[PDB]
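Comments concern the structure below.
Below, each value reflects all heavy atoms present in this structure, side chains not excepted, and no hydrogens, waters or symmetry copies. Counting starts at 1 for both ligands and their atoms, following the listed order. Letters A, B, ... mirror the listed sequences (proteins, then strands); counts begin at 1.
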Amino acid sequence: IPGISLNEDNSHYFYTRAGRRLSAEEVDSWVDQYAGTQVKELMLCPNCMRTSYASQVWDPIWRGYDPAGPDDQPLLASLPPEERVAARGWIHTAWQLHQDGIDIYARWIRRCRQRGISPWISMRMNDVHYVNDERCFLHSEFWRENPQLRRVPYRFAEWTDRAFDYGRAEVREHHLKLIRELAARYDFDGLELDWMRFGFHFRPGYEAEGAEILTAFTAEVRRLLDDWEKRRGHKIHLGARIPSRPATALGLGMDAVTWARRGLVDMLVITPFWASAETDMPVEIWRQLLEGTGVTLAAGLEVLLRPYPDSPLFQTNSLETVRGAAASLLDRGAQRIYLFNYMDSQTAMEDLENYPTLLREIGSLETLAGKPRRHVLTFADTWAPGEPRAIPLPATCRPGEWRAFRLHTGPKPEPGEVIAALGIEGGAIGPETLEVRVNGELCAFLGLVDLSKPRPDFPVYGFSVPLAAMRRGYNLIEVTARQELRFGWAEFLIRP
Amino acid sequence: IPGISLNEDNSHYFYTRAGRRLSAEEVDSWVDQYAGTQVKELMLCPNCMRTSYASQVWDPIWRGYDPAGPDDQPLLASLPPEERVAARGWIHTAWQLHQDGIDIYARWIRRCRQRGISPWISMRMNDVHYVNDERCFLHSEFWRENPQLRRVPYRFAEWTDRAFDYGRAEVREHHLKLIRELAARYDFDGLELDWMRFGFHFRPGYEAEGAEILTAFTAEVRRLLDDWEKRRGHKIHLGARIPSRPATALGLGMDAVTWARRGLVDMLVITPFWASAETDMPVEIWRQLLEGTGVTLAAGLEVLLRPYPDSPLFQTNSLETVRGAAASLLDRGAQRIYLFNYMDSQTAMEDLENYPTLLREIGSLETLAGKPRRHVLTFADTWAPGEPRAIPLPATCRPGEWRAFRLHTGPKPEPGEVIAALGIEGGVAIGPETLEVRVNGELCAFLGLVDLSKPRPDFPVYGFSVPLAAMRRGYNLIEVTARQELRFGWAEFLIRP
Ligand SMILES: O=C(O)[C@]1(O)C[C@H](O)[C@@H](O)[C@H]([C@H](O)[C@H](O)CO)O1
Ligand SMILES: O=C(O)[C@]1(O)C[C@H](O)[C@@H](O)[C@H]([C@H](O)[C@H](O)CO)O1
């Protein structure tokens, strides 16, 4: 009964259905796969710097597009020939829908309402994909012509260096124009301000003035949607995506506790940016901060599952690791599981065969109960400028030294097997090279563990955990090495 | 004004006044030095595992002591000779006070009231100094006979591995006996439960059950003081020292937000353990957490000022660096600056001549305005078991890479000089263009080598002149890129109005 909020990105549908000539019936069929699942809300993203619909205030993705022309036309000249094909799929499918008199977002909203799903619009507030290519098709002409509106003029080390500065009245006006348009065009249940595309909105050093500035913006948005409530005759929700820790969120000019205490929002999605799902987020701290405000707190998953920022492995979550992250977060008081980049194809779990089951299981502790789950150690990808970073892996243990890893495993396990699994990097070990304890109790050596994906490219060794040692919430692995060893992977496997 | 809370530890007075014969008048005079300062409360600590007063429920520090005997006597046997002298100064002075019918805490409490100072008792909840020496004088017999009550039986790698397990009913009862005696013997304005000596109270992995346990314990302390409030005829406050970040505080079984919301405590002191003062603590998050509770939030300073955990430097704060910490934390909304280890001698600021000035300035922005201050980058020394650590220094910048440091420098500077000062390790001297330095994106001019007064590193510190208008209220962001590989070991803002 917490349920699932699921995000469809601005590009996916147009890329993956490219070359078909979609009937209204096919377009509608896309909502149906989520019908009768634990999905309460579809968060339909219509935009990056450009819209995928036929906007009158912003650039549609096809601004500059010659439908009858060759791939190397001006709009696409800047990509290599292979990506021209990919990008033209998105551009051409979205344009061809428009020419057919099909508004994909109005169709999806109307289909959502018929199948008993609450339809949301989620707006990217500051997308910067491929801003290293200034002639790139998916940039607004507003962006292209106003380099003086970028947050970091003195350097280009990162895409977020060329993000819009919401410190500028013209940047806030530009984004308010789209919001005004979306609220007039579409009869949604909720607008979501996706601050986490890409989370960086201000000059470095200006984030405190920043926090005042996004609070006043969110209030003007709330007052706008109030007026539309009278025009639509129903309640219209305002939500926001924000970083996973309060100090990083406030540090990036997002004071959500103020937004919450003032009734500017009624839903908040704590999340990482992209580099990995966080399996461990301070949900109970947020619940205390948000107490009495009646905001829905949603715990945001990402599709990738990676042990540390510099890992060369890029694989996704499986049903077992999502079950792990969901069991844990629901257990900490998350009032929704929010999925991002978990779409029906291309950007999606690698075990796509299990997507129907996933959408029917991870919205409730009751449906995850007695089901195999995996609780993997990852990291927070997002930090405020100069904010000290806390990255648990990789971690070297010298001989005679102790290291501890805490992992949140949500509800006390059902009867069955519990394994503490540790990945060792650099080419190793015997049964006594590690001494392993969970909550102080000695674990038996099991041997090499045959992990299914996601998995590291180095040996993972299993330690058997006395079932009685396992506790509700955090469980503490404490290891000592008799040989210098570097860990690059840690999880609990639970098999009821 | 927010003002100052100042903690007197359980051993300092007895050590420093050793061999004097102390009359009631001299004992009282220890308070007077704080009279007319910005100090509002003195936190009088009467205990480690042993009491410094003549307890009837716990071991006094002199349990086993032969007053007439030599230094080489059972109680002191375990120390080497030159530490016997020091320990014995504490033991004999605490004992001799008692023998003369002087209850030092009763005299200090009484004298606090005469001087307009609010008198508090601060209990050490789980002191573990020298638990490596099971024979040591300062351990309780209860601790010595009951190794099965310790929080980590399977290794000894840290003093906190031999701390009491507050998950045991026997450990709670042992600690509640002292509290019950403290409330009956001393008519104090408040009790502080100092959890932060040494912050580690539960078996590894038991910290969530721990959280319910310390809330229930706190609640019995409040119910006990409610009774004494009727007996004594005035309000008695209850406070706690807890970690500096709410995540770390809850991960060690301290759920202070529950204590506040339920009306158990009316002062929380956020603090490091010891290894350094934190110049940067999330005061705004704590104020949001504590909103509408009426709890006083005090920002805890320690006397050491060190740049990273592995630093071999062990220099203290100066007046300039406490001015800096104080300006910053009051400007974020601390309702008290709380001083631990800033005593009148031995455990003291190294520039001790400036102690009277410090006590009349750091408790208000008004008394800090117009004064030179230093804002130094340090680190948080305390982290919950398995909790990932965020430690900004040292930081290595490769040629063409950028590195950011955020330092909270409180109110916008008055007109004057603002220096971003950066210490570079590894026996390198840079040029004026080896570093490009920016503050809130504005290009800083090269000043040269800065002449720092202590605390200072033992490597060169290079000054960058910051345009005044660039300096912002609160956090100010140093961004640096190196044209040669460098390691930073120090960062600070110097503000000279
Ligand atoms: O933001 C993202 O994490 C992402 O959703 C990932 C997805 O795999 C990719 O196809 C889209 C796409 O790059 C944008 O929609 C273009 O604007 O972006
Ligand atoms: O905890 C501390 O930081 C400290 O207060 C520091 C001080 O410099 C030292 O003298 C005392 C003493 O070690 C205890 O009082 C023993 O019980 O400890």
Task: Partner residues of B/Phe198 under the ring-ring contact (aromatic ring centres under 6.0 Å, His included) criterion, sequence neighbours left out - done: B/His129, B/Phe273
Open item on the list: Given a heavy-atom cut-off of 4.0 Å, could you list the residues near ligand 2 in chain and number order?
Closed with: B/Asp9, B/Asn10, B/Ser11, B/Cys48, B/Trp90, B/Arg124, B/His129, B/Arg197, B/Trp274, B/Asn341, B/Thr347
Open item on the list: Give me each pair satisfying salt bridge (charged side-chain N to carboxylate O under 4.0 Å, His left out) with a member in residues 129-138 of chain B, each pair once, sequence neighbours excluded.
Closed with: B/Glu134-B/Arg150
TODO: Measure the acute angle between the ring planes of B/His92 and B/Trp95, then classify it against the limits of 30° and 60° as parallel, tilted or perpendicular.
DONE: tilted
TODO: Kindly state whether the ring of B/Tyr130 and the ring of B/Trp159 have centres lying under 6.0 angstrom apart.
DONE: yes
Task: B/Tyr34: partners by side-chain hydrogen bond (donor to acceptor under 3.5 Å, both in side chains), with sequence neighbours left out - done: B/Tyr355
Task: B/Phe164 and B/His174 aromatic ring geometry - parallel, tilted or perpendicular at 30°/60° bounds - done: tilted
